[PDB]
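Chemist: To start, I am sharing the structure in question, which I have written as structure tokens.
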Amino acid sequence: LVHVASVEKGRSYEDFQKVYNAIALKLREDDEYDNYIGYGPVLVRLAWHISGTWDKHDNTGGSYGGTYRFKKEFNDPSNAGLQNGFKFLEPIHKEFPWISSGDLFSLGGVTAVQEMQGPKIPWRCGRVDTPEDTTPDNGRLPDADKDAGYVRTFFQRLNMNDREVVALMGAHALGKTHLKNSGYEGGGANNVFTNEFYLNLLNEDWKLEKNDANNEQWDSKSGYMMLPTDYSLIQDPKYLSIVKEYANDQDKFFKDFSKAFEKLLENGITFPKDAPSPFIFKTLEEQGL
Ligand code: HEM
Ligand SMILES: Cc1nc2ccc(F)cn2c1N
């Protein structure tokens with residue numbers, strides 16, 4: 001099963017920078033969402049969930065087809081809460097209806113990371129909307145109530161190694177859990193991209209507890225929380241070494257996250273030899289906007 005990237009007809013870097021800017025301007029304008037966290041974190045999560053359905057074995061799922069727009073995927077219990085990100089992107093799509101759905105969802109995540117002061121994430125266009133019967137079944141996204149062995153095995157399906165996994169999980173510094181979405185709650189909240197996930201793992205005093213949804217989670221007396229899968233990154237000795245590396249080197253974390261996140265968003269896509277080079281978008285700040 002081959003998905004060849006096909007550039008939206010007549011579009012170039014400038015066209016996509018305009019879409020980036022519209023997303024970024026709306027992030028600034030709709031600042032009140034989720035108790036003033038804003039839409040940044042949920043857009044990052046949306047980009048990951050549309051990509052994380054991928055299966056390397058048969059090239060099903062992945063970001064290419066934009067299939068989150070169909071009810072089966074939209075209503076995946078694993079995707080509860082992401083409807084907010086979809087609703088955010090709706091007026092963007094109306095302003096730029098030429099962009100494919102997969103390109104819009106993935107660009108939303110890139111824009112959110114960069115506007116939240118994260119690393120630059122190179123991004124490629126050319127995802128093409130595929131029909132409803134290409135939507136992956138529910139159940140391909142990861143469970144949170146598991147251990148390091150589960151995490152490691154799960155991410156092999158996405159062709160991610162230990163370093164890539166630990167780097168990607170640093171996104172859990174962003175946003176927060178919501179009891180009504182996932183059965184996890186707490187840990188305060190944040191909308192600036194940093195390496196604080198790793199610092200909190202290492203520096204906080206953690207205690208395993210059951211929450212009000214009867215689910216296990218690790219809680220600190222500072223009020224932070226870790227999922228069992230988050231905490232597994234310091235229980236496993238191979239993950240722990242990488243956690244320490246990122247806790248002690250902000251730039252290295254940024255660079256490795258950028259590579260892993262681009263890879264995540266591009267898994268399953270075949271790019272022609274003469275496809276455009278990846279785009280690196282300027283932030284609003286860099287443009288004086
Ligand atoms: C073992 C892997 C993972 C598990 C089990 C997991 C699980 C979860 C859960 C349960 C939530 C709470 C959702 C809610 O209640 O609204 C969440 C939120 C979030 N996840 Fe993950 N996740 C994983 C990997 C990732 C990755 C790889 C990324 C991105 C690179 C990511 C980005 C996010 C973000 C940004 C949020 C905050 C969303 C918001 O504030 O609305 N996660 N995740
Ligand atoms: C601040 C914060 N953000 C997240 C995102 C996902 C997750 F599972 C936990 N998180 C915590 N504690």
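In the structure tokens, chains take letters A, B, ... by order of appearance, with residues numbered from 1 within each chain and ligands from 1 in the order shown.
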Contacts between ligand 2 and chain A, please, where a residue of chain A counts if it comes within 10 Å (with only C-alpha atoms and all ligand atoms); show its shortest atom pair and distance in Å to one decimal, rows by chain and ascending number, as JSON lines.

Modeler:
{"residue": "A:41", "atom": "CA", "partner": "ligand 2", "partner_atom_place_in_ligand_line": "5 (C)", "distance": 8.2}
{"residue": "A:42", "atom": "CA", "partner": "ligand 2", "partner_atom_place_in_ligand_line": "5 (C)", "distance": 9.4}
{"residue": "A:45", "atom": "CA", "partner": "ligand 2", "partner_atom_place_in_ligand_line": "5 (C)", "distance": 8.8}
{"residue": "A:144", "atom": "CA", "partner": "ligand 2", "partner_atom_place_in_ligand_line": "8 (F)", "distance": 7.8}
{"residue": "A:169", "atom": "CA", "partner": "ligand 2", "partner_atom_place_in_ligand_line": "6 (C)", "distance": 8.6}
{"residue": "A:170", "atom": "CA", "partner": "ligand 2", "partner_atom_place_in_ligand_line": "5 (C)", "distance": 9.1}
{"residue": "A:171", "atom": "CA", "partner": "ligand 2", "partner_atom_place_in_ligand_line": "5 (C)", "distance": 7.0}
{"residue": "A:172", "atom": "CA", "partner": "ligand 2", "partner_atom_place_in_ligand_line": "5 (C)", "distance": 3.9}
{"residue": "A:173", "atom": "CA", "partner": "ligand 2", "partner_atom_place_in_ligand_line": "3 (N)", "distance": 4.8}
{"residue": "A:174", "atom": "CA", "partner": "ligand 2", "partner_atom_place_in_ligand_line": "3 (N)", "distance": 4.5}
{"residue": "A:175", "atom": "CA", "partner": "ligand 2", "partner_atom_place_in_ligand_line": "3 (N)", "distance": 4.4}
{"residue": "A:176", "atom": "CA", "partner": "ligand 2", "partner_atom_place_in_ligand_line": "3 (N)", "distance": 3.7}
{"residue": "A:177", "atom": "CA", "partner": "ligand 2", "partner_atom_place_in_ligand_line": "9 (C)", "distance": 5.3}
{"residue": "A:178", "atom": "CA", "partner": "ligand 2", "partner_atom_place_in_ligand_line": "7 (C)", "distance": 9.0}
{"residue": "A:182", "atom": "CA", "partner": "ligand 2", "partner_atom_place_in_ligand_line": "8 (F)", "distance": 9.0}
{"residue": "A:184", "atom": "CA", "partner": "ligand 2", "partner_atom_place_in_ligand_line": "8 (F)", "distance": 7.6}
{"residue": "A:185", "atom": "CA", "partner": "ligand 2", "partner_atom_place_in_ligand_line": "12 (N)", "distance": 7.9}
{"residue": "A:186", "atom": "CA", "partner": "ligand 2", "partner_atom_place_in_ligand_line": "12 (N)", "distance": 6.4}
{"residue": "A:187", "atom": "CA", "partner": "ligand 2", "partner_atom_place_in_ligand_line": "12 (N)", "distance": 4.2}
{"residue": "A:188", "atom": "CA", "partner": "ligand 2", "partner_atom_place_in_ligand_line": "1 (C)", "distance": 5.4}
{"residue": "A:189", "atom": "CA", "partner": "ligand 2", "partner_atom_place_in_ligand_line": "1 (C)", "distance": 4.5}
{"residue": "A:190", "atom": "CA", "partner": "ligand 2", "partner_atom_place_in_ligand_line": "1 (C)", "distance": 5.9}
{"residue": "A:191", "atom": "CA", "partner": "ligand 2", "partner_atom_place_in_ligand_line": "1 (C)", "distance": 8.9}
{"residue": "A:196", "atom": "CA", "partner": "ligand 2", "partner_atom_place_in_ligand_line": "1 (C)", "distance": 9.3}
{"residue": "A:197", "atom": "CA", "partner": "ligand 2", "partner_atom_place_in_ligand_line": "1 (C)", "distance": 8.0}
{"residue": "A:200", "atom": "CA", "partner": "ligand 2", "partner_atom_place_in_ligand_line": "12 (N)", "distance": 9.5}
{"residue": "A:217", "atom": "CA", "partner": "ligand 2", "partner_atom_place_in_ligand_line": "8 (F)", "distance": 9.5}
{"residue": "A:218", "atom": "CA", "partner": "ligand 2", "partner_atom_place_in_ligand_line": "12 (N)", "distance": 9.5}
{"residue": "A:219", "atom": "CA", "partner": "ligand 2", "partner_atom_place_in_ligand_line": "12 (N)", "distance": 9.1}
{"residue": "A:223", "atom": "CA", "partner": "ligand 2", "partner_atom_place_in_ligand_line": "12 (N)", "distance": 9.2}
{"residue": "A:224", "atom": "CA", "partner": "ligand 2", "partner_atom_place_in_ligand_line": "12 (N)", "distance": 5.9}
{"residue": "A:225", "atom": "CA", "partner": "ligand 2", "partner_atom_place_in_ligand_line": "12 (N)", "distance": 4.6}
{"residue": "A:226", "atom": "CA", "partner": "ligand 2", "partner_atom_place_in_ligand_line": "12 (N)", "distance": 5.5}
{"residue": "A:227", "atom": "CA", "partner": "ligand 2", "partner_atom_place_in_ligand_line": "8 (F)", "distance": 5.4}
{"residue": "A:228", "atom": "CA", "partner": "ligand 2", "partner_atom_place_in_ligand_line": "8 (F)", "distance": 8.9}
{"residue": "A:229", "atom": "CA", "partner": "ligand 2", "partner_atom_place_in_ligand_line": "8 (F)", "distance": 8.4}
{"residue": "A:230", "atom": "CA", "partner": "ligand 2", "partner_atom_place_in_ligand_line": "8 (F)", "distance": 7.1}

Chemist: If we count only C-alpha atoms, what is near residue A:146 at a cut-off of 12 Å, once residues fewer than 2 positions away on the same chain are taken out, given as a short mmCIF file (atom, residue, chain, number, x, y, z; two decimals) with C-alpha atoms, in the first residue's frame?

Modeler:
data_model
loop_
_atom_site.label_atom_id
_atom_site.label_comp_id
_atom_site.auth_asym_id
_atom_site.auth_seq_id
_atom_site.Cartn_x
_atom_site.Cartn_y
_atom_site.Cartn_z
CA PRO A 142 -1.74 3.56 23.14
CA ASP A 143 -3.14 2.74 26.60
CA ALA A 144 -1.91 4.85 29.54
CA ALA A 148 7.77 0.34 29.88
CA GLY A 149 7.65 -2.97 28.01
CA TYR A 150 4.24 -2.07 26.62
CA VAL A 151 5.43 1.39 25.58
CA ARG A 152 8.51 0.00 23.84
CA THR A 153 6.55 -2.64 21.95
CA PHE A 154 3.74 -0.25 21.05
CA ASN A 215 -7.37 4.81 37.59
CA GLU A 216 -3.77 4.64 38.81
CA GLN A 217 -1.53 7.66 38.39
CA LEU A 227 0.59 8.56 33.74
CA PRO A 228 1.87 5.05 34.45
CA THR A 229 3.32 5.13 30.92
CA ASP A 230 5.05 8.48 31.66
CA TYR A 231 6.51 7.11 34.90
CA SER A 232 7.69 3.98 33.10
CA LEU A 233 10.37 6.14 31.48
CA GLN A 235 11.45 2.73 35.85
#

Chemist: What lies within 7 Å of stretch 51-65 of chain A using only C-alpha atoms, ignoring chain neighbours under 4 positions off, as an NGL selection string?

Modeler: :A and (1 or 47 or 102 or 127-130 or 135-136 or 140-141 or 157-159 or 264-265 or 267-269)

Chemist: Residues within 10 Å of residue A:125, please, as a ChimeraX atom specification. Count only C-alpha atoms; anything in the same chain fewer than 3 positions from it doesn't count.

Modeler: /A:5-8,11-13,16,64,99-100,102-104,106-107,128,266,271,275-279

Chemist: I'd like the interatomic distance between atom 18 (C, counted along the ligand's line) of ligand 1 and atom CA of residue A:242, to a tenth of an Å.

Modeler: 21.0 Å

Chemist: Pick out the closest residue to ligand 1 from this set: A:20, A:48, A:198, A:281. Count only C-alpha atoms and all ligand atoms.

Modeler: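 For ligand 1, the nearest of the given residues is A:48.
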